[PDB]
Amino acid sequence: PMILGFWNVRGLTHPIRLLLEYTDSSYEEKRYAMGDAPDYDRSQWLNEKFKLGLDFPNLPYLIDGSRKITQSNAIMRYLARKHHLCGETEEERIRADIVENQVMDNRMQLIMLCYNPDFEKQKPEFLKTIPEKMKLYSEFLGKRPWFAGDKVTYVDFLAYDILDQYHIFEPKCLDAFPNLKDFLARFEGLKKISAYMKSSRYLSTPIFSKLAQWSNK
């Protein structure tokens, strides 16, 4: 089976665990544990960071035979390439490309907040940026069932995760935006996703490493 490796958290891998499922892929996972404060020992990982034959060692990684892939979007795209969950017209590919990048910006802005010792006094400003972020996703999807058109793509898996995360962080943030709730619900409503969500393998929280100020435990 393929081997996915990642920390014992959701992090940036939720989209990959979900695609592995959706596709009825044969895989096993390696979930590395980190230590508690004040030092956050990472040896579990570091004892093999340099021994997997990875080009640019990092977490997450995928191994399917000989092929060894790092960078979450590159894992994401290899799988989609495999399963045909990519754009099929220029129009689909543009929409996919943008959304893939936009998620990461928004995923990054979140981390930057959750990883700062100033969280508490910083939160109140970040919170005012939210409506605006949500509004873009809302206007972008419009009346489309999925982010790139009338077909599910690997970008819906990326979008679902970031929209979910922001939702956990501010429960009310999708209230003014019904096509997004409609979005979230339709994603879940999927056969293998529903099934996965009630399995022993489902990992929704913590979001972040014990190092974060939020969703760290």
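Start at 1 and count along the sequence shown; that's the residue number.
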Report task. Report the stretch with the higher mean CA temperature factor, choosing between 84 to 92 and 67 to 75 on the basis of the entry. Result -> 84 to 92
Query raised in the report: Higher mean Cα B-factor in the deposited model: 93 to 101 or 125 to 133?
Result: 125 to 133
Query raised in the report: What third of the chain, by the recorded C-alpha B-factor, contains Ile111?
Result: middle
Report summary line: Assert third(CA B-factor, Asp36) within chain per record equals highest
Query raised in the report: Once the chain's modelled residues are ordered by C-alpha B factor and cut into thirds, is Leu158 in the lowest, middle or highest one?
Result: lowest
Query raised in the report: Ranked by Cα temperature factor within the chain, is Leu174 in the lowest third, the middle third or the highest third?
Result: middle
Report summary line: Tertile call for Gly149 (CA temperature factor, within chain, third-based) is the highest
